[PDB]
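One structure is given below, encoded as structure tokens.
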Amino acid sequence: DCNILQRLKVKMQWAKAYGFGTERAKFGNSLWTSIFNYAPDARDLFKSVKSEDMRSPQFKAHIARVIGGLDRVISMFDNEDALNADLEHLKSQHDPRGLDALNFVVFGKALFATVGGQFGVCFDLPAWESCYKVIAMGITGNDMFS
Amino acid sequence: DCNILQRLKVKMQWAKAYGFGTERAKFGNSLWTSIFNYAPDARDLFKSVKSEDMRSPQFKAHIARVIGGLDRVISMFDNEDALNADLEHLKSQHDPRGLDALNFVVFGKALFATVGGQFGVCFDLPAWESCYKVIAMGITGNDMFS
Amino acid sequence: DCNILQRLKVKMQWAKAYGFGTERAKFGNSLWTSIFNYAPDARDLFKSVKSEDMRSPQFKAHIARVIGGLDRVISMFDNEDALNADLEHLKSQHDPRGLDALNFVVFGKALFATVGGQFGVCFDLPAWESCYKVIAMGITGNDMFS
Amino acid sequence: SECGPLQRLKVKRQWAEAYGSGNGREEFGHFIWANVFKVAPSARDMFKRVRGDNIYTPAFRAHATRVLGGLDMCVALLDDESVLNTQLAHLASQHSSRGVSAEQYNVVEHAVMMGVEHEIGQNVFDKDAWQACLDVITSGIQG
Amino acid sequence: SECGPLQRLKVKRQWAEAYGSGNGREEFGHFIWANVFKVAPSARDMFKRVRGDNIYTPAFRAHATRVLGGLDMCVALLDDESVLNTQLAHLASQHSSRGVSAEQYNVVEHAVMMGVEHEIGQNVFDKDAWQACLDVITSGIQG
Amino acid sequence: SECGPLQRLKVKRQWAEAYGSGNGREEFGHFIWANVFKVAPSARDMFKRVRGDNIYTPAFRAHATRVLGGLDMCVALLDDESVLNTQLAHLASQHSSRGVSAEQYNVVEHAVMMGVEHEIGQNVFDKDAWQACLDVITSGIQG
Amino acid sequence: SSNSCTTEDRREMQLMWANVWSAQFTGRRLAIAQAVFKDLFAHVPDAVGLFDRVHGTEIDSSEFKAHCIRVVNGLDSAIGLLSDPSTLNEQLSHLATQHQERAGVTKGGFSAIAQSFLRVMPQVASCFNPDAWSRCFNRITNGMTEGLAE
Amino acid sequence: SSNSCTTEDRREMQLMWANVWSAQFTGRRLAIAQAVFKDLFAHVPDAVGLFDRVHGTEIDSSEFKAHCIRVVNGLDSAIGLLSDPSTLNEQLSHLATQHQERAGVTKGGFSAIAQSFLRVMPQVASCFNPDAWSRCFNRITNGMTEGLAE
Amino acid sequence: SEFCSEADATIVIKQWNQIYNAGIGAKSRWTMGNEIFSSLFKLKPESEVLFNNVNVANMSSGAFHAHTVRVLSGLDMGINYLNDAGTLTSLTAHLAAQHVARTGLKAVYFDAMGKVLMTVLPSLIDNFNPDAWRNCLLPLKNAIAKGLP
Amino acid sequence: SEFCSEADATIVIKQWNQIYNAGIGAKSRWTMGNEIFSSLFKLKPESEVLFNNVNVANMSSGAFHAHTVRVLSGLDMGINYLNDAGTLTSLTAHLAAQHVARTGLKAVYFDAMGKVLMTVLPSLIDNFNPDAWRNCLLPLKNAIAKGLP
Ligand code: HEM
Ligand code: HEM
Ligand code: HEM
Ligand code: HEM
Ligand code: HEM
Ligand code: HEM
Ligand code: HEM
Ligand code: HEM
Ligand code: HEM
Ligand code: HEM
Ligand SMILES: *[C@@H]1O[C@H](CO[C@@H]2O[C@@H](C)[C@@H](O)[C@@H](O)[C@@H]2O)[C@@H](O)[C@H](O)[C@H]1NC(C)=O
Ligand SMILES: *[C@@H]1O[C@H](CO[C@@H]2O[C@@H](C)[C@@H](O)[C@@H](O)[C@@H]2O)[C@@H](O)[C@H](O)[C@H]1NC(C)=O
Ligand SMILES: [Ca+2]
Ligand SMILES: [Ca+2]
Ligand SMILES: [Ca+2]
């Protein structure tokens, strides 16, 4: 799935919901709040970013880098060459950690709830689910995102 | 899944997002607009309800009975006997139609996008996923929603 | 009486007080309310327009045609040829009903109170009284409007 | 093309709107004369008495008031040819002594149409109805 | 000077802004054509069919819509020369029959730049990037 | 006619208003130069160093800042002839090398008056006081 | 209902269209443009034979890419001209007298491109209303379908 | 701190400057203009020797009066050009390439004129901020002090 | 039941009131009557014979003048009531009965009447909106011309 | 600790978002990557040799394309965080460690990088403000290029 029309629709819905400046920090804050509320045990996998307190600038920096990379991956949805080249780069960065692939599931559920509630009712969930599988498959490589 | 904790939060998230009076009619309109946008073939499955015109009083009557049936099933999430009694009565009404259960999957995607886009960022997508399958299974009788 | 200056003044005061669109319906409503409040017995002379309920579209249509013709008569105040030609036409329409000429008196009193209260204090009553006699004389023909 | 009765009606309402009620008339008058003397700077030589050197003088602004008011009369009577011919023939007598060139009428014709459209807006302006009817007004002043 | 890839990007965003979303397009279209026929009044003779006599006619406003929409396509594809050459060669075939003078392109070039800068503002307008890139568009239509 | 002491005072207050406080000066500068190069396109050839090709360049906008600031000094000292003659003679030395035509001063004269009246408004503009006093400023730069 | 293109839909159609279609975002046009004809060729098999000049057989050919953008850019003009119907009527007669000289252009062809647009738009445009879209899409096509055969 | 000329100071500097310096009030310029060079000549004794062309020895000479107004009118342009830094940079390079041809113009000379302005402004301008003033005054001078010696 | 949307109806009423209100001089009301009927009789010369009672042989007569105002007043009534569907349905039903009961009137007459208005009005109203008028007028035409051959 | 004033930071973020957001087509993001790096390699030809992993020998490659986005996404991250000094300090410290640990990178590279951006951006952004950018960028440059030879 994840055709070109869905890719372009995802970019327009992401760019609107993401915002710029102060809105980006508050956007990524609610997503990780959902991640820690959906999967409470995944919080202690980030002791290296001072995730004990979500307000710490070490975790605020971790939020910025993660959603920032998600912003740059979504921006390359149209072009496959650099998308896959970056998905592979993120793969070779996350694979050494050896993380559970079920967290990328929880990541999408939090992203859908965060983008959907911020974008509004016209949130295209099937398009976001289909195109999120492309991202998680490029990072995890796990068959879980077929 | 769909534990009683998830059952209670869905009700709170539903009652808030559903609204009262004019909000109910507009809520269902946004949902049914999302369904036909997700699956254009499904709009023809309601020729006996004037689905050709979504603002027709016969479809506005249909939208009302569907969102009302959902409203009363979600409200019975905490009592198995009454829920499963009405849920099987709804099966006895939908089985003579021979509907493709994949449409009920499309029905769930629009429901999440309409509640979440109205309830906001705190929308619990995993809990709504787990509990809609209870409703779908009791109506569809299909192993897909297991 | 009813010179050209009064005729032009009546048109400017009528056009302002009459309004356009929704205002016309509310204008003519208050006039017939005054007619039925000034002459209560004249209400049952309109059983053919469902005047039992003033909100009925049959009486709302009767209001529209009457004040609409009053609007078209006032518009032809300057030109005598078409004024008299239309006053005679309205005469040959009202004469078959054989109505009391004292109702056209009550009609003017309600018109003056309705235009006066809507136009404001600068309402020129003597000019409106003099030029209303021209209208009632053209319709009734009764010497009562000398 | 031709100044028919409908083209007259639309010109009247647009002139009344563009003319205003006396608040934007000084601006309306100054705007039109600046176009004439930009397109035809030699026309300044015909208005020496009203101080055509300077558009901003009250003496010339009085002349602009004169020509605007005179033009307002012809537009108001475009529907009524009987009295209109009387008014244009009246203006024809005063303007024949100046020896005004026929092209000079077409310059103020165009400038007035620029002035009107500047006041009402291009989306509502009707050049065909205005050009045809302004030709009628200038033709009567010329003969 | 040259229409580089950066000068393309800035022209695209400025055209989208100056073009609008259909609300100010009739004004955008009328504004540009008035400059052409003021600078080149003899160019009216080439647009007899769309009633080039009168800018305010819906038939000509449809022609202004045609040329604006056609110009919007070339600006949208200035980054992609492959399909851009196809679009300019397509426009080149239709405009060769008219026998349009090369100077006439430079007049509408200048008028469009006046129209754009009138919509976006002089403080943000880039004449160097616009002149270089509009020369590219007209050159393809000429050959 | 003549730049008397009263005509000086009115010009000063109108220039300060039209000049502004630095917010609308870039617009004030760009507006005046566009009139000059529209009326006299060959004058662009004299300002090659400041990139007179393109009005929107910061290098030329710096030149517009130079000439506007220099003109602001002469207006500020129109009442005081002693230091004014010093400032105009100072500007006369730099402008004699350019070989500027006397008509070219009258074009920027007219353009500045258009720029001022565009900023303050025609209802308050005084052409007689401005033309007489701007002739004084240009005469000192010429000799 | 009345099936007429209301002012409400005009606002609704223009607003959803202007956000998805703009002059700065190239490729966003082409993706929408290529998808419509792609949907048309599958449903209408004997339709590619009408676009041989633009090489409709080769969809990613630069000649069919240019045609795709020309078609929906003209649609963008019509949607933008919904605010000014007088200019719209004078323009719709131009496309009408332009399309019938192409032999094979039929009313059913414009009916198939309507279903082609009803499926493609909700995938790229959010808050897409099909009823409001179709009622004005039909209003446009019938002006292009003034003098041609069913 | 950062010592950079903030947008806040630009607003603050322009606003206090535009009220004290205007085109209608002659003499208000000259009093401010004469006082700065007067303060400079006292602190820098070997500085009048740099303004012999304008007769810097005779301060009330009409030739030094004209120079005074030219100097701070150019300062008025820079403060006004703080809103448009691109035009400001292109102009600051002009004054920079203009001042070094005058032999003896040094960075310390512009440092002495800075203290000359820090003392004169609060006596004529109310609500004068020295920090905000200096941070943008320095920003301007360093653009005039691109190619010259300390 | 429903005629046209409020926004479309709002466009029609405002542009109609611009050229037709009560304060207009009668001379402008006559220019409208003749121009519209002279154009109507050019499209349908067979329809001119029907206005015998209103002295149609001489359009400059006060009798025919007063007739054109009756028609325009009825049209002005319908336009200003476009927002009330209930009253407008009763109003359109009453004008139909008057025209159907009159002998010799076809439906093609009212259609040709529609094309006259759609052509006469653009030269009088600023930025005439043919769509919104076509959306609000053709319901009136069909409702008034309902039941006629 | 402090990078630039809110007003200066507000000017940078708004003008940066004008030319860089998520909804931009990838082709416009590639024009930016090459033009900036081709200009960088012209100022510093010795710095081109360092991007071996991202296939710098062919800038039209998806690998180098994806690299330029990483750099721009990190730059886009820093600009939109100019108002939060606490997070930005942690963010700048993390990018320094990545670049210092990489062998062969000098401080003059980042300075030449600064002059490329100060020259590339004026041809893309309307009314580019060099001062406010110089006030907000040079803190980022020195903080990212901190600890490098
Ligand atoms: C689309 C999804 C994701 C994207 C784009 C993403 C991106 C990133 C980025 C950009 C970094 C920092 C790279 C750097 O330091 O230069 C990072 C680090 C990290 N990510 Fe992800 N991430 C995603 C999902 C996840 C998920 C689901 C997990 C599950 C636990 C995860 C766990 C981590 C961890 C533990 C680090 C190390 C942070 C540190 O210690 O500095 N990420 N990721
Ligand atoms: C939780 C999900 C749903 C609920 C609670 C629900 C409820 C209802 C209700 C209350 C009625 C009307 C009962 C009556 O007439 O008395 C109805 C009718 C109907 N439903 Fe559903 N519905 C659901 C989803 C669906 C889906 C996914 C489809 C197929 C795509 C569907 C197809 C139909 C059809 C075709 C009718 C006949 C309506 C008529 O002709 O009157 N329903 N449903
Ligand atoms: C200036 C004063 C009046 C004017 C202009 C006027 C006008 C009209 C008009 C236009 C009609 C309908 C014509 C049609 O059906 O085509 C009408 C009907 C009628 N009018 Fe009047 N009218 C006036 C005063 C009065 C008065 C004072 C009475 C006293 C009772 C009256 C009683 C009636 C009645 C009973 C009908 C019959 C309505 C029906 O059954 O359809 N009118 N008039
Ligand atoms: C549209 C046509 C015109 C109208 C309605 C008009 C109106 C007037 C009026 C009302 C006056 C005042 C006469 C008086 O009170 O003695 C006047 C004066 C004058 N008009 Fe016109 N004018 C028109 C066209 C022109 C044109 C085209 C020219 C020359 C290009 C012209 C040249 C003059 C001159 C020379 C005077 C007398 C100047 C003076 O009093 O010093 N007029 N005009
Ligand atoms: C910037 C370059 C131009 C563009 C994008 C452009 C665009 C167009 C378009 C799209 C048409 C519609 C053709 C059709 O549908 O048959 C057209 C027609 C035409 N253009 Fe242009 N045009 C341009 C330059 C010019 C210039 C500079 C001239 C002459 C000065 C010119 C003269 C014409 C003529 C004579 C027609 C046909 C007129 C008619 O249909 O009656 N074009 N133009
Ligand atoms: C109102 C009278 C004028 C004033 C106050 C004025 C002011 C100035 C000033 C302050 C400069 C800067 C000189 C420098 O820093 O070296 C300048 C430069 C110049 N002016 Fe003028 N100017 C005036 C009239 C003119 C006119 C009318 C022309 C020609 C039409 C002209 C041509 C030039 C040229 C060629 C330069 C130098 C261009 C360059 O630097 O590349 N000036 N002007
Ligand atoms: C309503 C949506 C449509 C729009 C807006 C539209 C618009 C256009 C435009 C702008 C052109 C090119 C005009 C030019 O070259 O100057 C064109 C060409 C053409 N159109 Fe359409 N069109 C539409 C639907 C259709 C449909 C449904 C057909 C069915 C066959 C069709 C058949 C053609 C053909 C055969 C050409 C000529 C291709 C060529 O030049 O090689 N169009 N259309
Ligand atoms: C930052 C504040 C200053 C500004 C805004 C400024 C500006 C100016 C201006 C506008 C001129 C005349 C340009 C012309 O004639 O076209 C000038 C001349 C000059 N300036 Fe400055 N200046 C400043 C500070 C200084 C300082 C601190 C010195 C120290 C020596 C200096 C030395 C000179 C000299 C020697 C001349 C030439 C005088 C002459 O022409 O006889 N300036 N300056
Ligand atoms: C929107 C279109 C029309 C409207 C609103 C309208 C309305 C009216 C009205 C208000 C009257 C006066 C009724 C009375 O006397 O009480 C009338 C009379 C009449 N109308 Fe119409 N009319 C329309 C079109 C037409 C057309 C197209 C024809 C014929 C081709 C026609 C033929 C007549 C005739 C023959 C009369 C009666 C004349 C008489 O009484 O002497 N009307 N109409
Ligand atoms: C504001 C300026 C810069 C920013 C914001 C920046 C940011 C980044 C980012 C986000 C990455 C990706 C880190 C990752 O893969 O997780 C990166 C990698 C890299 N950067 Fe920079 N960078 C800048 C300037 C430079 C300069 C000037 C140079 C060298 C002259 C440079 C050399 C490199 C190299 C060699 C890599 C790693 C390439 C690879 O992984 O194959 N960067 N930078
Ligand atoms: C048309 O009729 C005109 C009659 O004049 C008008 O009608 C009579 C009843 C009077 O009221 C009068 O004041 C009106 O103005 C004639 O004057 C005219 O010549 C006739 N036209 C033709 C061609 O016969
Ligand atoms: C530069 O590299 C180009 C390769 O094309 C791109 O990279 C490969 C891996 C594919 O993903 C392809 O789809 C990409 O577009 C060459 O086409 C090009 O000739 C190379 N340039 C030079 C000068 O060698
Ligand atoms: Ca003429
Ligand atoms: Ca060229
Ligand atoms: Ca002079």
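Residue numbering restarts at 1 for every chain of the structure tokens, chains are lettered A, B, ... in their displayed order, and ligands are numbered from 1 as they appear.
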
*Determine, counting only C-alpha atoms, which protein, DNA and RNA residues have an atom within 6 Å of an atom of region 134-141 of chain G; residues of the same chain fewer than 6 positions away are not included. Present the result as an NGL selection string.*
:G and (3-5)

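Least-squares alignment of chain A on chain B, taking all C-alpha positions paired one to one, leaves a root-mean-square deviation of 0.3 Å.
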
Please list as a PDB file with C-alpha atoms, in the first residue's frame every residue within 8 Å of region 136-140 of chain F, counting only C-alpha atoms and excluding residues in the same chain fewer than 3 positions away.
```pdb
ATOM      1  CA  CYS F   3      10.590  79.762  -2.330  1.00  0.00           C
ATOM      2  CA  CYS F  74      18.881  70.497   2.176  1.00  0.00           C
ATOM      3  CA  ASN F  85      24.647  77.077   0.334  1.00  0.00           C
ATOM      4  CA  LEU F  88      24.411  72.481  -1.936  1.00  0.00           C
ATOM      5  CA  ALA F  89      27.893  73.557  -3.030  1.00  0.00           C
ATOM      6  CA  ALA F  92      27.513  70.427  -6.486  1.00  0.00           C
ATOM      7  CA  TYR F 105      17.181  67.298 -12.234  1.00  0.00           C
ATOM      8  CA  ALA F 132       9.739  76.782  -6.200  1.00  0.00           C
ATOM      9  CA  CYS F 133      11.788  75.314  -3.351  1.00  0.00           C
ATOM     10  CA  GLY F 143      25.773  76.135  -9.990  1.00  0.00           C
TER      11      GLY F 143
END
```

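Applying a distance limit of 8 Å to only C-alpha atoms, the residues of chain H near chain J read residues 2, 4, 6, 7, 8, 84, 85 and 86 of chain H.
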
With N, CA and C atoms retained, write the just-selected residues as a compact mmCIF listing (two decimals), in the first residue's frame.
```
# COMPACT_ATOMS: atom_id res chain seq x y z
N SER H 2 25.32 38.64 24.97
CA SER H 2 25.64 38.37 23.58
C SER H 2 26.23 39.59 22.87
N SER H 4 25.02 41.55 20.96
CA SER H 4 24.51 41.76 19.61
C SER H 4 23.37 42.76 19.61
N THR H 6 20.06 43.58 19.12
CA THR H 6 18.82 42.84 19.01
C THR H 6 17.77 43.66 18.24
N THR H 7 16.71 42.97 17.82
CA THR H 7 15.55 43.65 17.27
C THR H 7 14.90 44.55 18.32
N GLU H 8 14.98 44.16 19.59
CA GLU H 8 14.42 44.98 20.66
C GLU H 8 15.10 46.34 20.71
N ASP H 84 15.93 47.18 7.83
CA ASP H 84 16.30 46.46 6.61
C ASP H 84 17.81 46.21 6.63
N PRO H 85 18.27 45.11 7.24
CA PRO H 85 19.72 44.92 7.40
C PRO H 85 20.45 44.66 6.10
N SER H 86 19.77 44.12 5.08
CA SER H 86 20.43 43.88 3.80
C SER H 86 20.89 45.18 3.18
```

*Can you tell me, as a VMD selection string, what residues are no more than 9 Å from residue 22 (chain G) when counting only C-alpha atoms, ignoring any on the same chain fewer than 6 positions away?*
(chain E and resid 16 20 to 21 76) or (chain G and resid 28 to 29)

*From a DSSP calculation on the backbone, collect every residue of chain I in helix (DSSP H, G or I) and output the set as a PyMOL selection string.*
chain I and resi 6-19+26-43+45-50+62-80+85-101+107-123+130-144

*Selection as number ranges by chain: residues within 12 Å of ligand 13 by only C-alpha atoms and all ligand atoms*: D: 1-3, 101-113, 128, 130-142

Okay, now the selection with N, CA, C and O atoms, as a compact mmCIF listing (two decimals), in the first residue's frame?
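That gives us selection_26.txt:
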```
# COMPACT_ATOMS: atom_id res chain seq x y z
N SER D 1 -20.88 50.06 -27.59
CA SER D 1 -21.15 50.37 -29.00
C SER D 1 -22.12 51.54 -29.12
O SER D 1 -21.73 52.66 -29.44
N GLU D 2 -23.40 51.27 -28.86
CA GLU D 2 -24.44 52.29 -28.83
C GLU D 2 -24.88 52.53 -27.39
O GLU D 2 -24.89 51.61 -26.57
N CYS D 3 -25.25 53.78 -27.10
CA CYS D 3 -25.73 54.16 -25.78
C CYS D 3 -27.24 53.94 -25.74
O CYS D 3 -28.05 54.86 -25.90
N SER D 101 -10.04 70.93 -29.27
CA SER D 101 -9.85 69.88 -30.26
C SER D 101 -10.74 68.69 -29.95
O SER D 101 -11.03 68.39 -28.79
N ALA D 102 -11.18 68.00 -31.01
CA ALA D 102 -12.04 66.84 -30.82
C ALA D 102 -11.30 65.73 -30.09
O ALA D 102 -11.89 64.99 -29.30
N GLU D 103 -10.00 65.59 -30.35
CA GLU D 103 -9.20 64.60 -29.63
C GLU D 103 -9.14 64.92 -28.14
O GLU D 103 -9.09 64.01 -27.30
N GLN D 104 -9.18 66.21 -27.79
CA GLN D 104 -9.13 66.60 -26.38
C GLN D 104 -10.35 66.10 -25.61
O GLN D 104 -10.25 65.80 -24.42
N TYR D 105 -11.51 66.01 -26.27
CA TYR D 105 -12.66 65.38 -25.64
C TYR D 105 -12.41 63.91 -25.37
O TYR D 105 -12.77 63.39 -24.31
N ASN D 106 -11.78 63.21 -26.32
CA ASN D 106 -11.51 61.79 -26.14
C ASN D 106 -10.49 61.54 -25.04
O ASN D 106 -10.47 60.44 -24.47
N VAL D 107 -9.64 62.52 -24.74
CA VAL D 107 -8.69 62.35 -23.65
C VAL D 107 -9.40 62.46 -22.30
O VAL D 107 -9.16 61.67 -21.39
N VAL D 108 -10.27 63.47 -22.16
CA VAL D 108 -11.03 63.58 -20.92
C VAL D 108 -12.09 62.50 -20.84
O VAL D 108 -12.48 62.07 -19.75
N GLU D 109 -12.59 62.04 -22.00
CA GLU D 109 -13.44 60.85 -22.02
C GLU D 109 -12.74 59.69 -21.34
O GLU D 109 -13.24 59.12 -20.37
N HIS D 110 -11.56 59.33 -21.86
CA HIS D 110 -10.80 58.22 -21.30
C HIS D 110 -10.44 58.47 -19.84
O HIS D 110 -10.47 57.54 -19.03
N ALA D 111 -10.11 59.71 -19.49
CA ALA D 111 -9.71 60.01 -18.12
C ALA D 111 -10.88 59.86 -17.15
O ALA D 111 -10.71 59.35 -16.04
N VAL D 112 -12.07 60.30 -17.56
CA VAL D 112 -13.25 60.12 -16.72
C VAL D 112 -13.53 58.63 -16.52
O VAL D 112 -13.83 58.19 -15.40
N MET D 113 -13.44 57.84 -17.59
CA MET D 113 -13.64 56.41 -17.46
C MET D 113 -12.59 55.78 -16.54
O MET D 113 -12.89 54.84 -15.80
N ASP D 128 -17.90 49.30 -22.47
CA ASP D 128 -18.74 49.40 -23.66
C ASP D 128 -19.89 50.38 -23.44
O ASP D 128 -20.17 51.23 -24.29
N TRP D 130 -19.99 52.73 -21.16
CA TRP D 130 -19.47 54.05 -20.83
C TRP D 130 -18.91 54.76 -22.06
O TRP D 130 -19.15 55.95 -22.26
N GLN D 131 -18.14 54.04 -22.89
CA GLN D 131 -17.58 54.66 -24.09
C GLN D 131 -18.69 55.11 -25.03
O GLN D 131 -18.61 56.21 -25.60
N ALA D 132 -19.72 54.29 -25.20
CA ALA D 132 -20.81 54.65 -26.10
C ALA D 132 -21.58 55.86 -25.59
O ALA D 132 -21.96 56.74 -26.36
N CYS D 133 -21.81 55.93 -24.27
CA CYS D 133 -22.60 57.02 -23.72
C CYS D 133 -21.79 58.30 -23.55
O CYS D 133 -22.34 59.40 -23.67
N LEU D 134 -20.48 58.19 -23.27
CA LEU D 134 -19.66 59.39 -23.19
C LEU D 134 -19.42 60.00 -24.56
O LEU D 134 -19.22 61.21 -24.68
N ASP D 135 -19.42 59.18 -25.61
CA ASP D 135 -19.37 59.73 -26.97
C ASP D 135 -20.59 60.58 -27.25
O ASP D 135 -20.51 61.59 -27.96
N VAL D 136 -21.75 60.20 -26.70
CA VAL D 136 -22.97 60.98 -26.90
C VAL D 136 -22.84 62.34 -26.24
O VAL D 136 -23.23 63.36 -26.82
N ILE D 137 -22.30 62.38 -25.02
CA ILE D 137 -22.20 63.64 -24.29
C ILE D 137 -21.24 64.59 -25.00
O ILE D 137 -21.56 65.77 -25.20
N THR D 138 -20.07 64.10 -25.39
CA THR D 138 -19.10 64.95 -26.07
C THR D 138 -19.58 65.38 -27.45
O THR D 138 -19.28 66.49 -27.89
N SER D 139 -20.32 64.51 -28.14
CA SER D 139 -20.80 64.85 -29.48
C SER D 139 -21.75 66.04 -29.43
O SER D 139 -21.71 66.91 -30.31
N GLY D 140 -22.60 66.11 -28.41
CA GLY D 140 -23.51 67.23 -28.28
C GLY D 140 -22.80 68.54 -27.98
O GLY D 140 -23.25 69.60 -28.42
N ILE D 141 -21.70 68.48 -27.23
CA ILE D 141 -20.94 69.69 -26.94
C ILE D 141 -20.17 70.16 -28.16
O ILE D 141 -19.88 71.35 -28.31
N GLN D 142 -19.82 69.23 -29.06
CA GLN D 142 -19.10 69.59 -30.27
C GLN D 142 -20.02 70.01 -31.40
O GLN D 142 -19.64 70.85 -32.23
```
